[PDB]
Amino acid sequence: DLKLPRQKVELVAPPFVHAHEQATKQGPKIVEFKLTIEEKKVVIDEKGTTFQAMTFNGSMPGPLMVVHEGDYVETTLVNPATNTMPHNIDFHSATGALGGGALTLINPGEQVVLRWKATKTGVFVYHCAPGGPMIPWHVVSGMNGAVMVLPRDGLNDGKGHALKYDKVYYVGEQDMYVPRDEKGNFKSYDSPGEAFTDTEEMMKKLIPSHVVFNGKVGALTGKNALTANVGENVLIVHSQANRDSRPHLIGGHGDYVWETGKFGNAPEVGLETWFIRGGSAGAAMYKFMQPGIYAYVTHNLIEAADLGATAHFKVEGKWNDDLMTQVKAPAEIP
């Protein structure tokens, strides 16, 4: 019945974001996405700890989907027969049927096609939610991502002025619960099912073993640091499907921040640290002013430095001595 043009999107793995328009002259379309579920054992830290992950499209987080207000988002969710568990998808951006979860439960070997109208603007979590205790377990195993629903006129500052980003990154934060043996080493498991009992026991104690960005300690560092140049306005979408976070750009700010993540609200300005409620996505824009290394963290510094939740930006450009300068280098106290 719905006679609108169809547009396919080629999703890309986080922290990158598929190409899209901010402000657009397009009217509503049916925007087509495919997500293929993958259960897989992965390495989550530099010590070689393994983890029974379950993912949309092979990544933690799942990829960012980007549409505009009033689009219809038509997702083909695929659960190949090489997986062991049923799965589904719930979009916090969608209205009805538990966000879609009640319409998308698929066994291994099945696929389903869900469409929802993007009536709410902002960034939103999506996640698997099979039912009952499986809900938290699938989410904390990695089955969560986000979708961005942009206004057709692009983003604004709440005072009539356009905010336009030069690039966007998606940082998905994952709380992980890896049990330890008697002597204190992390355990490894042969299947998600085998990991479940120990993993649920730990989950209910509410303390993660690892808190990571992009699926792994150090994922967004080194060759895979985020990048910018002085003068570029960067949008950083941050999601956390299960547990609170407090993002902070070390050496920078949130120039414009939607911590509750919803573009019908004006951004806050000039923040040091913002707050992502567990079960949500938020977004912050910053115009880089100084070159060099930045760390992007959750500002529980124990989780940042010790449990995995640090990304880097490497920023090119000219140092601004007006903004900051080392007046006297380290020297012996007189």
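Residue positions are given as counts along the sequence shown, with the first one as 1.
- Taking the PDB entry as given, 228-236 carries the higher mean Cα B factor of the two stretches 246-254 and 228-236.
- Taking only CA atoms, the mean B-factor in the PDB entry is higher for 24-32 than for the other of 24-32 and 55-63.
- Taking the PDB entry at face value, the top CA B factor among 216, 127, 223, 204 belongs to 223.
- Of the candidates 177, 169, 196, 91, the one whose C-alpha carries the top B factor in the deposited record is 196.
- Placement of the Cα temperature factor of residue 74 within the chain: middle third of the modelled residues, per the deposited record.
- Annotation for residue 299: CA B-factor lies in the lowest third of the chain's modelled residues.
- Ranked by C-alpha B-factor against the other modelled residues of its chain, residue 140 falls in the lowest third.
- When all modelled residues of the chain are sorted by CA temperature factor, residue 99 is found within the middle third.
- Annotation for residue 272: C-alpha temperature factor in the lowest third relative to the rest of the modelled chain, per the entry.
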